[PDB]
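One letter stands for each residue in the lines below.
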Amino acid sequence: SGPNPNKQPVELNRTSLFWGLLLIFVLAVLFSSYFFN
Amino acid sequence: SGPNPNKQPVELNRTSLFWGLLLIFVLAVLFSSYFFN
Amino acid sequence: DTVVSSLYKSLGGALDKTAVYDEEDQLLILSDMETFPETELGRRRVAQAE
Amino acid sequence: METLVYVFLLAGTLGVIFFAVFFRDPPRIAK
Amino acid sequence: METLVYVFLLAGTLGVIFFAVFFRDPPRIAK
Amino acid sequence: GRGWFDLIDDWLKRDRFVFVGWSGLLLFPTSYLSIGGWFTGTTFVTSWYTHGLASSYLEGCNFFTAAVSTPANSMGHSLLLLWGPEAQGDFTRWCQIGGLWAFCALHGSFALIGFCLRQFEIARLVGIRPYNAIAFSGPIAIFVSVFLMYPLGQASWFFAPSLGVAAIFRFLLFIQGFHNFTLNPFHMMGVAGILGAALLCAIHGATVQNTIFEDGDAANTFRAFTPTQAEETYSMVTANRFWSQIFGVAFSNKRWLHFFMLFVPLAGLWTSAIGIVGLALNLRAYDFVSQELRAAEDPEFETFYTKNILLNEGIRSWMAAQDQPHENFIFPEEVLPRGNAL
Amino acid sequence: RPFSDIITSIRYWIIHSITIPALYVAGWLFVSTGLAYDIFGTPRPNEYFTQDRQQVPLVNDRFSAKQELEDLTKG
Amino acid sequence: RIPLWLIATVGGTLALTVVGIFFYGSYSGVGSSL
Amino acid sequence: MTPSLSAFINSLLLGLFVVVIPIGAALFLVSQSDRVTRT
Amino acid sequence: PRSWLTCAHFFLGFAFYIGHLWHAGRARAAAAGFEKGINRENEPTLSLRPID
Amino acid sequence: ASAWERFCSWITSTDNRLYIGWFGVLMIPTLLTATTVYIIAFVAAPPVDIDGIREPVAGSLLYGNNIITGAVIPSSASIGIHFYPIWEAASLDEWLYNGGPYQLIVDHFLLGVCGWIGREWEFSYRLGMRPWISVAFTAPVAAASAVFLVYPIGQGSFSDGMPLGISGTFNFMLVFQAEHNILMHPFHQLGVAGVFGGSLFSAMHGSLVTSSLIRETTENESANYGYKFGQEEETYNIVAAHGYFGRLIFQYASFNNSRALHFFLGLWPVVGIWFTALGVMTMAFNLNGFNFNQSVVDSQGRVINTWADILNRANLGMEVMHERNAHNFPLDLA
Amino acid sequence: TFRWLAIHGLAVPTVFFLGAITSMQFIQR
Amino acid sequence: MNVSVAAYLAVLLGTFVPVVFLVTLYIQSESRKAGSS
Amino acid sequence: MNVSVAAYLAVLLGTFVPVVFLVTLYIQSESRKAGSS
Amino acid sequence: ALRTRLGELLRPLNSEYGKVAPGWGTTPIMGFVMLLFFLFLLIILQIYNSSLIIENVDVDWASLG
Ligand code: CLA
Ligand code: CLA
Ligand code: CLA
Ligand SMILES: C=Cc1c(C)c2cc3nc(c4c5[nH]c(cc6nc(cc1[nH]2)C(C)=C6CC)c(C)c5C(=O)[C@@H]4C(=O)OC)[C@@H](CCC(=O)OC/C=C(\C)CCC[C@H](C)CCC[C@H](C)CCCC(C)C)[C@@H]3C
Ligand SMILES: CC(C)=CCC/C(C)=C/CC/C(C)=C/CC/C(C)=C/CC/C(C)=C/CC/C(C)=C/CC/C(C)=C/CC/C(C)=C/CC/C(C)=C/CC1=CC(=O)C(C)=C(C)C1=O
Ligand SMILES: CCCCCCCCCCCCCCCC(=O)OC[C@H](COP(=O)(O)OC[C@@H](O)CO)OC(=O)CCCCCCCCCCCCCCC
Ligand SMILES: CC1=CCCC(C)(C)[C@H]1/C=C/C(C)=C/C=C/C(C)=C/C=C/C=C(C)/C=C/C=C(C)/C=C/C1=C(C)CCCC1(C)C
Ligand SMILES: [Cl-]
Ligand SMILES: [Fe+2]
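Note on numbering: residues are counted from 1 along each chain in the order of its written sequence, which can differ from the entry, and residues with no coordinates are hidden. To label them, take the chains in the order written and letter them from A, then take the ligands in the order written and number them from 1. Shown here is a subset of chains from a larger assembly, with all values computed for this subset only. Derived side-chain values reflect all non-hydrogen atoms in the structure, with water molecules and hydrogen atoms excluded from consideration.

- What the entry reports as its method is cryo-EM, with 2.53 Å given for the resolution.

### Concerning the interface of chain F and chain K
No. 1: Counting from both sides, the interface comprises 115 residues of chain F and, opposite them, 124 residues of chain K.
No. 2: Here's the idea: put two parts together, see how much 1.4 Å probe accessible area each one loses, and the total over both is what we call buried area. Buried surface at the junction of chain F and chain K, both sides included, amounts to about 10,500 Å², of which 66% is carbon and sulfur.
No. 3: It is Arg255, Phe304 and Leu342 of chain F that lose the most area in chain F upon contact with chain K, and together they represent 10% of the buried surface on that side.
No. 4: The term salt bridge refers to a side-chain nitrogen of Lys or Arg lying within 4 Å of a carboxyl oxygen of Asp or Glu. The interface formed by chain F and chain K holds five salt bridges in total.
No. 5: A salt bridge links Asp51 of chain K to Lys307 of chain F, with the nearest nitrogen and oxygen atoms 3.7 Å apart.
No. 6: Polar contact is defined as a pair of N or O atoms within 3.5 Å, subject to the rule that within protein one atom must be able to donate a hydrogen and the other to accept it, and that residues adjacent in sequence are counted only when both atoms are side-chain atoms. Here chain F and chain K share 42 residue pairs in polar contact between them.
No. 7: Put simply, the parts of the chain that give the side of chain F that touches chain K at least two residues each are α4 (99–126), α5 (131–135), α7 (166–179), α8 (185–210), α9 (236–247), α10 (254–280), α11 (289–297) and α12 (304–323) of chain F.
No. 8: Sorting elements by how many residues they give to the side of chain F that touches chain K places α8 of chain F first, with 15 residues. Here, residues are in contact when the closest pair of their heavy atoms is within 4.5 Å. A run of H or I in DSSP becomes a helix once it reaches four residues, and a run of E becomes a strand once it reaches two; helices and strands are each numbered from the N terminus.

### Topic: empty space enclosed by the protein
Residues and elements named next belong to chain K.
No. 1: A 1.4 Å probe that fits but cannot get out identifies a cavity on a 1 Å grid over protein atoms alone, an open set with protein on both sides within 12 Å along at least five of seven lines counts as a pocket, and a residue lines either if it has an atom within 4 Å of a point. Grid points are joined across faces, edges and corners, and a volume is the space filled by probe spheres set on the points. Tallied over the full model, the rule gives ten cavities of 30 Å³ or more.
No. 2: In this structure, the largest cavity encloses a volume near 100 Å³.
No. 3: Around the largest cavity, the lining comprises 13 residues; the ones closest to its centre are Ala45, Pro46, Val48, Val72 and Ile73.
No. 4: Taken together, the elements giving at least two residues each to the lining of the largest cavity come down to β1 (71–72) and α4 (100–127).
No. 5: Residues of the lining of the largest cavity, tallied by class, amount to ten nonpolar, three polar and no charged. Residue polarity follows a fixed list, in which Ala, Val, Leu, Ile, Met, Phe, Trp, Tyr, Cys and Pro are nonpolar, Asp, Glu, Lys and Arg are charged, and the others, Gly among them, are polar.

### Remarks on a negative patch on the surface
All names here are of chain C.
No. 1: Only residues whose relative accessible area exceeds 30% and that form no salt bridge are eligible for patches; like-charged ones are grouped when within 9 Å, while nonpolar side chains (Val, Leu, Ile, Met, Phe, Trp, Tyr) are grouped when within 5 Å. In these tables, accessible area is a Shrake-Rupley quantity obtained with a 1.4 Å probe, and a residue counts as shielded only by the protein chains included in the view. Positive residues here are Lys and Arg, negative ones are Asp and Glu, while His and the chain termini are left out of the count. Throughout, a charge is located at the NZ atom of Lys, the CZ atom of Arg, the CG atom of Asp or the CD atom of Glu. A contiguous patch of negative charge, built from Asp22, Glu23, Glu24 and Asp25, is present on the exposed surface.
No. 2: In this structure, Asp25 sits in the loop between β1 (20–21) and α2 (40–49).
No. 3: Each residue is placed in one exposure class: buried if its accessible area under a 1.4 Å probe, protein chains only, is under 20% of its type's maximum, exposed if it is over 50%, and partly exposed if it falls in between. With a relative accessible area of 43%, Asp25 lands in the partly exposed category.

### Section: helix α3 (residues 19–32) of chain G
No. 1: The end-to-end C-alpha distance of α3 of chain G, which contains 14 residues, comes to 20 Å, matching closely the 20 Å that a straight helix rising 1.5 Å per residue would cover.
No. 2: Listed in full, the buried residues belonging to α3 of chain G are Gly27, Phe30 and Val31 of chain G. For α3 of chain G, the buried positions fall inside an angular range of 85° around the axis, keeping them on one side.
No. 3: Each element contacted by the buried residues of α3 of chain G is listed here: α4 (35–39) of chain G together with α1 (2–24) of chain L. Multiplying 1.5 Å by the residue count of a helix minus one yields the expected span of that helix. In this context, the arc is that of the directions from the helix axis out to the C-beta atoms.

### Things to note about the site of ligand 3
No. 1: Around ligand 3, the surrounding shell holds 24 residues, and the nearest of these are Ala143, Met173, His188, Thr276 and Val280 of chain K.
No. 2: Residues are counted as near a molecule or strand when any one of their heavy atoms sits within 4 Å of it. Of the chains in the model, those with residues near ligand 3 are chains F and K.
No. 3: Between a nitrogen atom of ligand 3 and a side-chain N or O atom of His188 of chain K, the distance comes to 3.1 Å.
No. 4: At the level of elements, α4, α5 (133–155), α6 (166–180), α7 (186–211) and α9 (258–284) of chain K are the ones that each hand at least two residues to the shell around ligand 3.

Encoded structure:
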């Protein structure tokens, strides 16, 4: 039905990239020793 | 040492996306029955 | 007034009839950003930083 | 359990085919 | 074999730390 | 203002020394009824008929050993209403079955509700964003998960944290011995949040106090700040340089810093709440099965984890008899798990 | 009016040279009378145990709790 | 009319006396092992 | 009517006449007496 | 008495190390002349070239 | 214009990405050595006879541990607090048998964190910022010295220091509670107050600063971008937050002064952690927490239990089960 | 009277309980 | 049937890594096209 | 060590999927920033 | 923008956005029913909690048979 006026860009600056990567890797480190059992 | 004049953008149009996804999925289909053994 | 009339089933909601249209735009975020004047100290500091 | 992987891969290939047929880049003539 | 996964995860966290320290977005003052 | 509801609203929201608000109609009674109840239960009421303990200053306890002990285990999860089928309107028997704990806990839940509603109300009337009411959700989650959902998953209110100091220490060691809650990854995330929040508090205080701008000629620099000044009282650039070249990374954005200071403790509390909710159903990260099997088949395989498991067995066996008197556990000296000598 | 302005006022202290000690002593006679032990059911130093009751008293039923409480607290 | 420094002095003295009476009761009578 | 049901109904009545009604009456009287100005 | 003396003097030794750190830092800052704060006019950091 | 002068300028340079300075000269090698030996010993190290009874305990990943159970085991109890470098061992294998890597890592790490305190002071002097961030760091370091160094000194064995692992940390906690009753010791209670209050004030301060942020951002944009790095103006209304918090509790409680507020923020956790580190330092020499066991007796004189007694039961279970094969005599005097 | 009510609701139980506690120090078993 | 166990990781990750690579190359190109306008 | 076998897939994919999501969100955003100029 | 048959059929059901009855309207009966539903929830909560024992209401597994 044509272009949507509600379209917006999405961003993730580099500080947020490093924060997210650190969170995911640390969660993996924490919960791997519990998933393997 | 400042901005590099050799910087260029990189692209993958949607047709190429579907071609690549199809290639990867079909290779997985073909070689899964050989990796599991 | 009567019992059934008292509940005003007939009158829409017991107190409800002839409803107005609310005007306030409830989905509205204010956008009155504030400008802070640049002091002379600010100009000196940004000059040193530049 | 490998039937899970085989079925998932075949379904993924079928999904890629579906999205390629129905969400293709529409051909248009340049100017 | 889990030592492989543990070592890989710890090394990945250390690598993320390295890249965050040394390839950060440089702070600069806006204008 | 004319209508009766408008008049009540105008009076409740009056700007006086103690803001009342509509939430005050839920906070001030219940909160009061909670706190005095504690001060009553920790001062005159006993745990002799529920736990076999003395828990009041009257019985001889001090601030540490005095507590409002949980109800008897036979009560189950009864609401312990003073008019209920247990006390049946008798205040003395109600206090004797530990119904005062139910009073304090049930009034404290609604006091927390009223205080969060108070935060929302004052934020709305003052006209700021409601981030303080959402940060109190962390404490609300802690109270709900630890004092309500944990005993509701267990056999009775008896296993809830008894409201005291030594009582809370006993709850800590009981939960460790019976659930091994230190091994729980959600508890680990919670203690990470708590210690990281304390760390953020300390570093932020030191950094702000130590990058202050020279706004006076007095060695004591507290008087050199004005509440209404439109100038930052400390250097963000200098602090950023310090922490960047000392620690490699540093905050560059005050708003991000202060949201982070909010997020760390709140995330810790919610994570630990998930772990305690797990512990309510005995869904506990008690053991690593691989090491248990290896130690079962390899009697020379020892880890600090196995030593902790042995300590938990010791806690359980040497604590059950006096900690759960309703069970009537008689463990002879033969069966008690011991070590050589001591 | 401000807190220090009230505290240093003489009238405050004419009121609270009499009001505060009255209830400070009321609590004293509340417990010295032994009334707390009766309202709150707390055993005195000579009531934790008695004949045939050299063991800890415990309520073991939800609904008959009052009944066994009297039975145990007959004294 | 009464200097607030004297009020603070006497009030803190009385509060410390009450807490010390609590400490004595901690070393005497019920609640003490003796 | 069991004793528990009588106790429950009595609890509702006392909650009305000891908590809700007194607090509401006090709020109404105080709000009607001590009124804001220029509303 | 050994426990009392040892604990008390270990406590006071650590406390006086903290006092040393405080007073030595303040002595250096006051001698250099920035124990009251950072001068808004001549901030050293703004003169420094940015890292990274 | 001299080689030493150029070297001193480079060491004390504010242009290096990471400041070195003279304290960094001692910190970087020590911390790097500790990191290297810790990583190598955690991934791969033979079991260590911690208790001096020829019962090795595994702590390395390769010997059947996970990240949670892995640790660098404390030194052997036979060593005591004798210095045990590599060159004092007949072979490297028997250096690893008796937990020498723990001594190496602990010594280098303690020296490195001391260097970190000094380096924090140093950069501040170069910056021209006020000192004392260093003083705040001491509280974490003090606790680390209390657990890794002072507790072995008081008890007389490096086997008694905390293991460099997660499960070993829990083991050290439980044994410390069993032997000293740290929970009832008031300095640990002050530390608990310190950390809980630090979390409370962190959440409160962050909530109030984030709540009163001045509108400088559009609706399709993160509010954090309303602040520009290095700006002169305040990014939030201190008056709004102060008034909200005054209405929340009462006016007098709120910190109308921001500098006093941040001093209190830096003070509460630092003093709490100082007190708990000092408490561990004092329980190293066996000045234990309170012992209210059997403090309530009836008129006849028989013990009416309290919560202290029930806590004592857990402490006693941990006491009897800890180090089952190490004790030959009834009292745990060591 | 709201100021009176709040401050005295806090105070009256406090002094009553403190008097009871100071008496309770002397129970002497 | 008895099959290998790392073959699961082989198949799943050898499908995942190229697939996310292609998806990233597509999204990045599109984002750039949108940003140009 | 009798460890689980799907725990490998759990850990590795629960690390991989969020990591590639973050990397894609960063690359998309950067590409868009470059395309704007 | 687009007109459809179902859109035309359902348009009257989405044509009074923002229409509000003036004043308090039906709020008193709303509050009364709120009170009644609160009482009902309290009754059933106390029934299962066994703080409100109703004759011929045996809250137990054994009541099944
Ligand atoms: C903010 C006010 C407030 C709140 C939220 C609560 C909340 C609570 N109190 Mg209460 N309480 C209050 C003030 C408050 N209290 C005050 C001021 C006092 C001191 C006098 C007490 C004294 C007190 C005691 C002594 C006890 C409680 C208890 C309770 C709990 C049970 C409530 C219950 O089921 O009551 C019954 C239900 C109600 C009161 C709601 C009434 C609803 C309407 C108004 C009734 C309408 C009547 C209806 C038309 C009748 C028709 C007949 C029938 C067909 C229905 C709950 C946590 C109990 C507890 O904690 O046990 C552990 C308990 O024993 N409270
Ligand atoms: C580094 C050490 C450490 C740390 C930092 C923590 C941290 C935590 N532990 Mg603990 N814990 C530890 C070691 C540690 N633990 C160890 C070694 C063990 C095993 C022995 C345990 C065993 C353990 C258990 C069993 C539990 C915790 C819990 C918690 C959480 C408590 C949250 C809180 O603030 O509650 C404080 C309480 C609240 C915030 C509730 C609301 C409080 C209200 C607002 C108070 C209002 C009072 C009012 C003004 C009246 C005052 C009156 C006055 C007279 C006193 C938190 C994540 C709890 C948890 O996980 O909960 C989810 C929990 O149940 N821990
Ligand atoms: C909710 C309950 C609770 C709470 C809040 C606490 C709180 C605390 N307990 Mg615990 N404890 C609990 C329950 C609880 N406990 C229970 C139930 C028990 C009985 C078993 C104990 C038994 C117990 C013991 C026996 C001890 C504690 C200690 C502590 C403190 C730990 C934090 C500290 O001092 O850090 C301060 C900071 C540090 C220790 C960290 C040092 C940081 C160094 C300097 C730098 C490290 C650099 C690093 C290696 C590399 C960086 C990497 C880079 C890439 C970033 C704290 C006060 C400990 C304590 O007080 O120690 C002094 C302690 O010894 N507790
Ligand atoms: C044990 C630690 C702890 C305590 C004692 C505590 C206490 C407090 N929380 C408050 C606030 C906050 N706490 C916050 C975050 C946190 N709070 C934390 C942990 C704590 N918070 C943590 C870790 C965080 C980080 C997320 C925020 C963000 C706020 C606030 O905004 C608020 C404030 O204004 O602070 C200045 C204050 C006001 C609460 C209130 O009015 O409740 C209303 C309820 C009352 C009065 C009744 C209490 C009912 C309780 C649950 C049961 C009865 C308890 C007994 C009377 C006493 C038990 C004694 C023990 C020994 C068992 C108060 C000082
Ligand atoms: C062989 C190997 C490697 C061995 C390792 C073995 C081993 C045992 C492994 C450890 C495993 C491990 C990593 C597991 C951790 C798992 C765990 C429990 C994770 C918790 C995760 C979780 C989701 C918790 C939720 C709570 C949460 C959000 C906590 C976050 C904590 C956190 C990062 C807090 C901040 C800490 C911190 C250091 C802050 C520094 C800030 C700093 C630089 C200040 C800068 C600054 C301050 C100012 O004030 C001003 C003004 C300016 C300008 C300024 O700049
Ligand atoms: C000589 C000795 C040198 C030793 C230096 C060692 C420094 C270590 C660096 C850690 C930073 C990690 C990246 C953080 C993420 C990051 O890039 O943040 C960078 C971030 C910059 O934020 P800005 O304010 O620039 O961001 C504003 C924007 O976000 C807009 O919203 O600063 C911080 O928040 C860092 C403060 C927390 C610093 C502690 C981080 C947690 C450390 C834990 C690491 C895990 C260890 C596990 C290993 C298995
Ligand atoms: C409980 C219950 C049952 C059923 C119905 C009923 C409505 C009655 C309901 C509610 C009852 C209520 C709310 C009762 C009220 C009682 C209250 C508020 C009691 C509180 C008493 C307060 C006390 C001791 C305070 C003692 C304080 C102390 C030492 C302080 C120590 C200190 C001193 C002395 C000097 C300086 C240092 C320091 C630490 C500050
Ligand atoms: Cl021995
Ligand atoms: Fe700040």
